[PDB]
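One chain is shown next in structure tokens, namely the form deposited in one PDB entry.
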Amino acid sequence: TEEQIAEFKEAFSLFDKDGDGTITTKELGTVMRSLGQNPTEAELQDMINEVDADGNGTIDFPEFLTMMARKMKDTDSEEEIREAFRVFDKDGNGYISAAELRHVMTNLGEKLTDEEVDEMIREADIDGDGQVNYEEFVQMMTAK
């Protein structure tokens, strides 16, 4: 894990940019603004409150490594995403329409780039009446 923690200290140094060892809401906002994002302050606070376990309001490096350690390909996270798919599922059979998914991904929430959706649709076997088994997506994106 020494190359892993080497990369995690490397990435922590990209946020730190000094010898503090903590990451502030400003210290992340300038990084996000250097990408041309313009996040809100409460967006950054909601972002930062999901990482720390000390309550102080900044992300230390062990908090960074605990976040970077724990796995997306999880028992619970797969079921959360599967329960999230079921809102847009009529009849609950395990299939959603292709154009319904394109209308949702490009309109609702964070609106997707049409090239992103054109990749996302073609990631799954879409034919067979246009229905797609979203657990195929979940196994794909939970392959990690």
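Here the rigid core means the biggest group of C-alpha atoms that line up within 1.5 Å when the two forms are laid on top of each other. Numbers for residues come from their place in the sequence shown, where the first is 1.
There is another form of this protein, the form deposited in another entry, and it is not shown here; the text below is about that form.
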property	result
Did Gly57 shift 2 Å or more between the shown form and the other one, C-alpha, core superposed	yes
In the other entry, whether the C-alpha atoms of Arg122 and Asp129 sit closer or farther than here (change of 3 Å or more)	closer
Residue pair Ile59, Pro39 - Cα distance in the other entry, closer or farther (3 Å or more)	farther
